[PDB]
Structures are given as C-alpha cells and as structure tokens.
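# Chain and residue survey
Each chain, written out:
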Amino acid sequence: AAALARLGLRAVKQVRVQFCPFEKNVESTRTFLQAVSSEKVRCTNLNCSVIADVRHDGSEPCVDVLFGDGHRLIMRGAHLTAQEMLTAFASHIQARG
Amino acid sequence: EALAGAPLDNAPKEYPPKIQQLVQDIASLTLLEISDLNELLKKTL
Amino acid sequence: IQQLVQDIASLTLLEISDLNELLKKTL
Amino acid sequence: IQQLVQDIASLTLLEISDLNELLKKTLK
Amino acid sequence: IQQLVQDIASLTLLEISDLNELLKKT
Amino acid sequence: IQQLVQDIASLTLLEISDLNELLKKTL
Amino acid sequence: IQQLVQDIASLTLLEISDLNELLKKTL
Amino acid sequence: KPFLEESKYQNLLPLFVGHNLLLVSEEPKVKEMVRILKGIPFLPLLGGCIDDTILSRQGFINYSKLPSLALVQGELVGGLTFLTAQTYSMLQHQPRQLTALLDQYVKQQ
C-alpha cells in the first residue's frame, strides 16, 4: 500500500474489484483491495472511485482499472499473488500516464 | 453440527424442505381442520 | 345445502383448490 | 369435486345464496 | 319485475348460467 | 330462460335499475 | 395443526417470505 | 478461526482468511446496516448470518428489501385464508355478473 502511495495514483479514472468471498483462491485479490483502499492511495486523488463487487456465484476473481491514457488494465487474479498484482499495477499504470 | 452453505443469485432455484412439508401437511387437511388452523393462526398473530 | 357444506368440509386443501378452479372455469 | 359441482348446479338461486350465506356463517 | 325475480329465483344454477351466457352475447 | 331474456330486453332503464336494486336486495 | 404453527414460528424472515410467496402462487 | 471451525458456523471459514471486521447486531434491521455501507463503495460486506440464515451479499440485499416480521406474519394469514375467501368470492361472483351486465345495458342508454 505504500509503494502505491509513493507513485501518485492521480492518473487513474476508476478502480473496481470483482471477487467471490467463498472461494479458496481469493485472498490475493482481497490483499489488493485493502492495498488500494488505504488512506494514502485513496487521498492521492479524489477523482478516482473504488468499487468492490461482491458475488457468490461469479467464481472468477478479477481486477479492472481504467486510466486517462484511454487505457484499460484487467488482471484476473486466480493464481496470481498479491505483490505480483501490485508490481504489475505499479509498472503498468505509472510508466503509462 | 453445521449450518447452511448459502446458495446465490446466478443459480438458486432451490426452496427449503420445511416449507414443502408444511404446504404438504397443509394440503392433507380437511376443511374443518383448515378452519381450525386458520382460527389458531388468527388468534396468535 | 347442508350436505354440500358437509361434503366441502371433508375435502383436502388441494381438492378445494381444484374445486375453486373448476368453479372459475365454469362460472 | 365433480359431484359437488353437479349438486350445486341443480340448486335454484335462493339455495345457492343460502349456500353462500351458510359458508360465510361457518367459515367467514 | 317481481314475476321476473321470482322466475329468476326458481332457476337452477345451469339455467341462470345459460341465462347470463345468453345475456353476455348481447 | 328465453321469455326472461325477452322480459329483460323489453324493460326500460328505470325498470332495469329497479331490477338491479331488488336483485341485490334479494341476495 | 400445532406442528405447523410451531414450524411457522421457527422460520426466519426469508423463509416465512418464501412460504408466503409459494402460498400466493399455489392458492 | 479454530473457534469457528469447531462452531456450527464453520461455513464462514473462507471469509476470514484476509483482514476482517465483525458487525454485531442485536434485534437486527439489515436495510439500515446496508444504508451506511452504501455510502462507502470500497467497503464490502461479504458473508453473514441473519437469524441462523447464512447469506452472501445478495442474501443481505434480499433480507433488506423485505418487510418486518409483523407485516409478513400479517400477510401470512391472508395468503392462507385466500382459499376460503376465494371460494366465497367466486360463489358470490355469479350474482355480480348479472348486476354488471344489467348496469352495462343501463350504461349504453
């Protein structure tokens, strides 16, 4: 959550996280949620909304992030680890923006 | 013991066993026991 | 009139349901 | 069920109204 | 009007069913 | 039931409103 | 009659609502 | 976690793997709990049990839109006596067809 704060999230439009709480594989995506939801990252820009989509049946956890490059970054955490998602997020959404 | 497993939106067609055996025990009654039933439910609620 | 109320009082709930549906279909 | 519709079908009008009256008396 | 309610009240349910069925076809 | 359809079709509007009041009163 | 009223008093809100909707559909 | 796996509630085990916050309600009203969570979009409600009923978020959305137990127990008696009310309504609908018809003829002139 700190490495996201240092990186100036203001280049982002909308961040949603779609996941399924009763699956065994979702801990990673959750960790991502609480990393982006933190006060530092949340207050870097007020133009960005963070939406948590919670469903029992969907069965596939997902993270979708739009930003003002006209870019859409969608990472499906299934077997992906938390800090791999956050590193991918950092190098992807910072270097472009 | 253990509790329910929480089925949800995309597919749940499944209604409980209790409601069904209740409407069955309701449907098996003669109309005098249906009026008795109706009075005993009208009074308590 | 009395034997009708007494024969209606001996029917199970399913049968007075089917009876009401027949009374709606006919009249 | 069919015997009942047949028996109610043979009642005159004052008797079907006495039937509705007695059913609203008993069951209400 | 009175003889009409007497003659309607003497009708069995099938004949009032056919009476109202023939009055519905107008 | 045909002479009754003729008797009801030969009635004016006030006699059918009175017919209605007396047929609602009887039952 | 009593087991029915006890099993009715035992149901949660969701299940008394499903019961009410199935009794609205059946009857 | 071990308390909950030895509990009757063990189906909530997959929920606590991350961080969590336990919302406690005595004499619950769920729509009121959902009202505040609605204000904050990034703060998800995951599982739960409302009066022994284990639900996902959708089950909470369903329990929310529901009336009180008093209103539901109140409509129960009408839904159960609907059969008798309907036998009498349909047996008394035979005399009202005559009224509706004759008044339909008085309506034409």
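Details of the structure are given in the entry above.
Rules used throughout
Residues numbered from 1 in each chain as written, not as in the entry; some residues may be left out. Chains lettered and ligands numbered in written order. Part of a larger assembly, values for the part shown. Heavy atoms only, no water. Residues with missing side-chain atoms left out of burial classes, pairs and counts. Helix = DSSP H or I, 4+ residues; strand = E, 2+ residues; numbered from the N terminus. Rg over C-alpha atoms; globule rule 2.2 N^0.38 Å. Buried < 20%, exposed > 50% of the residue type's maximum accessible area, 1.4 Å probe, protein only. Contact = heavy atoms within 4.5 Å. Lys, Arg positive; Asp, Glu negative; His and termini not counted. Charge placed at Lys NZ, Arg CZ, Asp CG, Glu CD. Arc of directions from axis to C-beta. Pairing = 2+ DSSP bridges. Axes fitted to C-alpha atoms, helices over the stretch in contact; angles between N-to-C directions. Buried area = accessible area lost by both parts, 1.4 Å probe. Salt bridge = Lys/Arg side-chain N within 4 Å of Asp/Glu carboxyl O. Polar contact = N/O pair within 3.5 Å; in protein donor to acceptor, adjacent residues only side chain to side chain. Nonpolar A, V, L, I, M, F, W, Y, C, P; charged D, E, K, R; others polar. Disulfide = S-S within 2.5 Å.

All right, on to the overall build of chain A then. Within chain A, the secondary structure is distributed over four helices and four strands. For chain A, the succession of helices and strands along the chain, N to C, is α-β-α-α-β-β-β-α. For 97 residues, the compact-globule estimate of 2.2 N^0.38 gives 13 Å, and chain A sits close to it at 13 Å. Taking the principal axes of the C-alpha coordinates as reference, chain A spans close to 35 × 20 × 20 Å. Buried positions account for 42% of the 97 residues belonging to chain A. For chain A, the proportion of contacts with a sequence separation of at least 24, taken over those separated by at least 6, is 75%. Charged side chains of chain A number 12 positive and 9 negative; the gap between the two group centres comes to 7 Å.

It is worth spelling out helix α1 (residues 2-9) of chain E at this point. Restricting attention to buried positions, one finds in α1(E) the residues E:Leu4, E:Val5, E:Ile8 and E:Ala9. One face of α1(E) carries all of its buried residues, which in axial projection span an arc of 130°. Set apart from the buried face of α1(E) by more than 90 degrees, the exposed residues are E:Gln2, E:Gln3 and E:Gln6. Looking at the buried side of α1(E), the elements it contacts are α2 (13-26) of chain D, α2 (13-24) of chain E together with α1 (2-9) and α2 (13-26) of chain F.

Residues and elements named next belong to chain A. Within strand β3 (residues 62-67), five of the six residues are buried, which leaves the element mostly enclosed by the surrounding structure. In the sheet, strand β1 (residues 12-19) pairs with β3 via six bridges, with the strands oriented antiparallel. Along β3, the bridge assignment pairs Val15 with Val65. For β3 and strand β4 (residues 71-75), the ladder comprises five bridges, and the chain directions are antiparallel. Paired with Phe67 across the two strands is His71, which belongs to β4. Taking the residues that link successive antiparallel strands as the turn, the β3-β4 hairpin has three residues, and the phi of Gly70 there is positive, at about 75°.

All names here are of chain A. Pairing within the open sheet is mixed, and its four strands lie in the order β2-β1-β3-β4. With one partner strand each, in any of the chains shown, β2 (49-54) and β4 form the two edges of the open sheet. With direction set aside, neighbouring strand axes in the sheet form an average angle of 10°. Examined bridge by bridge, β1 and β2 share six bridges and lie parallel to one another. Across the sheet, the residue bridging to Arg16 is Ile51, located in β2. Sheet contacts for helix α4 (residues 82-95): β1, β3 and β4; angle to β3, the most-contacted strand, approximately 15°.

For the rest of this paragraph, the subject is the interface of chain H and chain E. Taken together, the contacts link four residues of chain H with four residues of chain E. Counting the surface lost from both chain H and chain E, the interface buries some 510 Å², and carbon and sulfur atoms represent 65% of this. Inspection of the region where chain H meets chain E yields zero salt bridges. For the interface between chain H and chain E, the tally reads one residue pair in polar contact.

This paragraph deals with the interface of chain H and chain A. Counting from both sides, the interface comprises 15 residues of chain H and, opposite them, 16 residues of chain A. Summed over both partners, the interface of chain H with chain A buries about 1,400 Å², with 62% contributed by carbon and sulfur atoms. Applying the counting rule to chain H against chain A returns zero salt bridges. For the interface between chain H and chain A, the tally reads five residue pairs in polar contact. Tallied by class, the residues present in the side of chain H that touches chain A amount to nine nonpolar, five polar and one charged.

Bringing the state of the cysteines into the picture now. All names here are of chain A. In total, this model carries zero disulfides over all chains according to the counting rule given. In this model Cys20 remains outside any disulfide bridge; the closest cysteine sulfur is found in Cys62, 9.9 Å from its own. Unpaired in terms of disulfides, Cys43 finds its nearest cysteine sulfur in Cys48, a separation of 12 Å. For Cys43, a relative accessible area of 47% corresponds to the partly exposed category.

By the element assignment, E:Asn20 lies in helix α2. In this structure, E:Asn20 is in contact with H:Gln94, H:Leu98 and H:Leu101, ignoring residues within four places of it in sequence.

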